[PDB]
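Note sheet for the following structure.
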Amino acid sequence: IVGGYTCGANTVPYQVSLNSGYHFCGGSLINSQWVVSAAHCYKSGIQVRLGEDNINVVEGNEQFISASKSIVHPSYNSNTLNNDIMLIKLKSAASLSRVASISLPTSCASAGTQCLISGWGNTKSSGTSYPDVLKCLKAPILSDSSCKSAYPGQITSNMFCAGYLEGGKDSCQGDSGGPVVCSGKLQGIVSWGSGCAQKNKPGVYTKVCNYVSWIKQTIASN
Amino acid sequence: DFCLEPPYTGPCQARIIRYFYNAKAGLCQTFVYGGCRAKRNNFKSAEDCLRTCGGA
Ligand SMILES: [Ca+2]
């Protein structure tokens, strides 16, 4: 997260870290045994870390649980990045104030809605600086038109832009799969962008409201 | 020769550590790959990297 602020220990209870020997992506806890993240974060041997703040030191509120199943959306396209969504089943159920699930949206959010994006990704636009603690960023959802003018012929109906056209505030490498929560509902998944915090290049997110049925049914039949 | 190409992080935002052949140094080094749109000078281990590009 570039241009954000320290969230504060366990203030984002649904935020998880996907670890494969080191933090490589974020994710959201939407059920005591399920996590939602990005399809491009698919990797074998994933260990999910919950109740994390400082990802580098064991503080005592953590729960490390390995994944038993990783289900990438059947229509995920690695070239176009369309349907960049994945579900991870925990090997055992998490014990749910510091660890809690986030609700799925009942409906899609509108342009202008303010959302909270969080993660342990790079905090520099020109450079590399990964934080110990979780960073937060409040960014508004942008209209489909400006998103499309920012990324010509790249935005699908399953993606939305959020951020600032002036730049300086954005998600970045290491934030993928993390939550974009608006009005207490999970509306997006950190997905892609062009650099980080660049002017006229807002971040692109997976539009979660479009997958709620697939999510609920997939969780129930696995 | 794709072995001479600079490492490509790509548009996605994961922080996945991969290897690329650094012809200037004559060795495989690590870099951060974003998770999508990988170019060919991007390997999962130093051994794969050396086997494909070693000596380029
Ligand atoms: Ca910790």
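Reminder, nothing fancy here: chain letters follow the sequence lines and each chain counts from 1. Just the heavy atoms: all of them, side chains too, but no hydrogens, waters or symmetry mates, feed the values below. Every number for a ligand or one of its atoms is a count from 1 in the order of the listing.
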*Is the cationic atom of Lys207(A) (NZ for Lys, CZ for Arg) positioned less than 6.0 Å from the six-membered ring centroid of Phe160(A) and within 45 degrees of its normal?*
no
*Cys147(A) and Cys161(A) SG atoms under 2.5 angstrom apart*: yes
*State whether the side chain of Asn222(A) and the backbone N or O of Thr218(A) hold a donor-acceptor pair below 3.5 Å, judged by distance alone.*
yes
*At the Ca ion (ligand 1), what is the angle formed between atom OE2 of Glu62(A) and atom O of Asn54(A), rounded to the nearest 10°?*
160°
Closer than 3.0 Å to the Ca ion (ligand 1), do we get an N, O or S atom from [X], backbone or side chain?
X	value
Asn56(A)	no
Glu59(A)	no
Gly51(A)	no
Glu52(A)	yes

*Anything under 30° is parallel, anything over 60° is perpendicular, the rest tilted; go ahead and classify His73(A) against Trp214(A).*
tilted
*asked:* Parallel, tilted or perpendicular, judged at 30° and 60°: which one describes the rings of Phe20(B) and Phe31(B)?
replied: perpendicular
